[PDB]
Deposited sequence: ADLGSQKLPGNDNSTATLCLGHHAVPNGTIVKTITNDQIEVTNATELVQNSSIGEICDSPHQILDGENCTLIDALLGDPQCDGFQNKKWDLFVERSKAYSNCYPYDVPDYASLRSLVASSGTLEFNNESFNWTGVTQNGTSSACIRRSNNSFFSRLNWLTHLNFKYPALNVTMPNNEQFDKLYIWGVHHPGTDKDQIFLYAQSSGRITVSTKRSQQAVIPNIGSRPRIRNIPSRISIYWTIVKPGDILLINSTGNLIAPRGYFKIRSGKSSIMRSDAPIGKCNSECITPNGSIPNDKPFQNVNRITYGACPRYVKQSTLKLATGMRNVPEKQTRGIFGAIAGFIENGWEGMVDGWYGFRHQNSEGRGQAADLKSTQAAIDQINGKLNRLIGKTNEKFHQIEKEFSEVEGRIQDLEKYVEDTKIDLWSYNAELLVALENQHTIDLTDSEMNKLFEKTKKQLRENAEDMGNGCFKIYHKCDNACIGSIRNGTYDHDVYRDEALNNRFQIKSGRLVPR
C-alpha cells in the first residue's frame, strides 16, 4: 500500500473468428474479413456496361437477319447475352468454325451494316422461302441475297467490290445445298454449281453438295455460311456458276472491349461492374467462387469457398514476441475503447485506460494490408469459352487445361496470401503489445519491478495523477527514486 501496481494488457472479444496461418490451421482472432465473394443477386445489371439481351436470337441469327431478329439491326454492345431458349426460325444453316465467327463478331461489338450495290446482271435476285416468313410473307435472311436463274439461264458471274475505305469490311455469304438434282435445276438451271470468292490475300473455294439431310422444320436442304475480311486497298472477287447466297453489303468490324456471354439471368435496372452468368457480383473482394466466366472489373476465380483475412490480434479470453497469449495471460473483454491499455491499482482505487498510439499503430498496419487487397480488381473482357455443349477433342482439351491451370495457380496464391498475412498480423499485434510494455518499463527506471505477467510493481506512492503521468509520458522518475530505492532494497 506504500506501493502501486500497473498492468499492461490488450483487449479480447466474446465472439472470435477462426483463421488459418502458416503454422496453425485453426487460430482465433478478434475479427476477420471475407476475401472470397460467394454470392450473386441473381440479375445482370444493365449498367455501366451496354447490355444486349439476345432474347430469342443468337448473335449469328441477328447477324444473318432472321426476321425474328430484325430489331437488332445495327446495334452495338459491350456484352451480348445469349439465352438458352433461343432458336432459329429461318432457312436451316450451318457455319464451319461457327465458334470463330461468333467470337470475332462478339469481340467487334457491332452489327453496323452498309449496303453495297453489286452488279448481278443475268440472274434473279431476292430469292425467298416458306421456312423464313417475315411479316406473314415468305422471305429470307435480311443481309443475304438468294440468287436464282433468270429466264432459265445462269451465266458465270465475275463480280468485284473494292475496299476504297479507311476501315476493314466484313462480308458474310453462303452456299446452298439443295436436297435434289431436281431443285438444283429448278433454281440454278445448271446441274453442278460452284462458288469461288477471293481477295488479293485469300481464296475460298466451295463446291456445293446435293443430297438429303434430316429435316429441320421440314427442310432437308442446307446453307453453309462463310466469311471474308477485306482491308483498305484490297478487293473482293466473287465467281459463281450457281448456288451462291450473295451478301447485300459488309459489316463494319471494330476492336475494343466487347464480348458475349451465355446466361439465363434476367437483366436488372441496377449498376454493377462485374458480370457472371449467375448474375452481377460485387467486386470489393479480391477473389470469388461464383463463376470462372466473368466480364468486367471482377474478383479472380478461386476454388476455395471461403478465405478469412485476420483484421485483429489473437483472441485470448478468460506470437514471436511472447506477449499476447504469452506472458500476458489473457485479454480484457472490458476494454472497448482501445486494443492495448493500462490497468492500475493504487491508494485511490482500481482503473483501466486505453493507449491510443499503440492501438492506432496496429490498426494502421492492418488497414495497409486491406488497402492492398480491397477494391483493386482487374478488368477482363473477351476471353475464351469455358463451358462446352459438344465433344470436340484436342482444341477443347487445350482450352480446358489452360483454364484449370490458371485457376489452381490463383487458388494457390490466395491460400498462401492469407496464411502469410495472418501469421504476420498476429505477429505485428503481439509486437505492438511488447513495444508498449518495453517503453513503460524504461519509463519507470529503478522505481518499479517486472512481475513477469505484464504487471509492474511500483515501489512508491502513485496516485491517479502519477499513474496518468506514466500513461502520457510525463512521469519524472527522479521525483520518486529515493522513495522507491529505499522500498526496493530493504530487509
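Q: No C-alpha coordinates anywhere in a stretch? Then put that deposited-sequence range on the list, in order along the chain.
A: Absent from the structure are positions 1 to 12, 331 to 334, 508 to 515.
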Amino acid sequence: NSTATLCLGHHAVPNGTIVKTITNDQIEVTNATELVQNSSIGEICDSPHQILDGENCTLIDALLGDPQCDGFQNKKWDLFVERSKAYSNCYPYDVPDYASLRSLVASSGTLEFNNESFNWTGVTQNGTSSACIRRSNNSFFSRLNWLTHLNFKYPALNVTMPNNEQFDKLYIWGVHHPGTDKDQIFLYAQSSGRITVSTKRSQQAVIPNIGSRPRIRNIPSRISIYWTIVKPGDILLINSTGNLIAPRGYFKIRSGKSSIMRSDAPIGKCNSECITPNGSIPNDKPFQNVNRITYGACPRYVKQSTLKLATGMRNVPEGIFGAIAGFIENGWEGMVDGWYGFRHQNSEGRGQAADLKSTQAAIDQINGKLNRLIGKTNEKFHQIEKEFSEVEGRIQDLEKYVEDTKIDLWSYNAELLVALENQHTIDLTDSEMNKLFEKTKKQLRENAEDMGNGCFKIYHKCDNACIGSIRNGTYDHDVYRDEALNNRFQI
From here on, numbers count along this sequence of modelled residues.
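Q: Hey, which bit's got the bigger mean C-alpha B factor in the entry, 305 to 313 or 219 to 227?
A: Mean CA B-factor is higher for 219 to 227.
Q: Decide which of the stretches 140 to 148 and 271 to 279 has the higher mean C-alpha B-factor, going by the entry.
A: That would be 140 to 148.
Q: Say you rank 413, 212, 291, 103 by Cα B-factor from the PDB entry; which sits at the top?
A: Among 413, 212, 291, 103, the PDB entry lists the largest C-alpha B-factor for 212.
Q: From 380, 400, 194, 343, can you pick the one with the highest C-alpha B factor in the entry?
A: In the PDB entry, the greatest C-alpha B-factor among 380, 400, 194, 343 is found at 194.
Q: Comparing against every modelled residue in the chain, figure out the third that the C-alpha B-factor of residue 241 lands in (lowest, middle or highest).
A: Highest third, going by the recorded CA B-factors of the chain.
Q: By the recorded C-alpha temperature factor, relative to the other modelled residues in its chain, which third is residue 67 in?
A: Its C-alpha B-factor, which the entry lists for residue 67, ranks in the highest third among residues of this chain.
Q: Sorting by Cα B-factor within the chain, modelled residues only, which third would residue 319 end up in: lowest, middle or highest?
A: Middle third by C-alpha B-factor.
Q: What third of its chain's C-alpha B-factors does residue 98 belong to: lowest, middle or highest?
A: Ranked within chain, residue 98 CA B lands in the middle tercile.
Q: Among all modelled residues of this chain, ranked by Cα B factor, put residue 1 in the bottom, middle or top third, i.e. lowest, middle or highest.
A: It falls in the top third of the chain.
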